[PDB]
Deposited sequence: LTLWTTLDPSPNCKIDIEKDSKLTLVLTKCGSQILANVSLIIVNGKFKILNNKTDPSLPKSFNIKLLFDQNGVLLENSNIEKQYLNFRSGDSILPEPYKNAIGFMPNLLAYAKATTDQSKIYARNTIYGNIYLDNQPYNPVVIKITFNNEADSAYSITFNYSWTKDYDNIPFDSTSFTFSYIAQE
């Protein structure tokens, strides 16, 4: 069972401006675990070409938030509209793809933090060069006004000088709600 984006380069995401990016995301249910594959191409807007070195007002991090309602359907405040995730031809209800509430509990309180296990860290690379690292930080179930969430935080420390945000691929897994 697969929940996925399209695989073409057609944008499906708003980081800065409408349709400025393509998040390619493939979620494969393997029983209790979701096997996840993600990449990002930024096609337009201020993050298409990282110009941190000549624009000190440009941020060195952003989020792509997948905020799910209790049915496992994306909410309006997500970076991607709900039409852009679909099931692959057979061989709504996407609760089976949602991050497990017991493994990845919400913050209990307003003064409370999630456990670190709700997060995965990985290194990905811009423009297919190992000297352009970006930290991809993936956090489950840590967003206000949502039933479930997957948040992709992208951050970097180098003052990049006209580097296209064309990211390498990253694989990870998380424990499924059901």
Coordinate gaps, deposited numbering: 92-98
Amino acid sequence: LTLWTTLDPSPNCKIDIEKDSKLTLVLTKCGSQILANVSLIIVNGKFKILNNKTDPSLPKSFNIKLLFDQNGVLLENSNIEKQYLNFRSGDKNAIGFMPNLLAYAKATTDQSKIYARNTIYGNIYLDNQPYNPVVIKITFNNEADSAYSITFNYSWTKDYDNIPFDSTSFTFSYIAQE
From here on, numbers count along this sequence of modelled residues.
Entry-level comparison of average CA B-factors, 157-165 and 20-28, reporting the higher stretch: 157-165
Entry-level comparison of average CA B-factors, 31-39 and 52-60, reporting the higher stretch: 52-60
From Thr109, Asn118, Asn128, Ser149, residue of greatest CA B-factor: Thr109
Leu7 CA temperature factor, ranked by third within the chain: middle
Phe97 CA temperature factor, ranked by third within the chain: middle
Chain-wide C-alpha B factor ranking for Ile114, given as lowest, middle or highest third: highest
Ranked against its chain, the third holding the CA B-factor of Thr139: lowest
Third of the chain, ranked by Cα B-factor, where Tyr104 sits: lowest
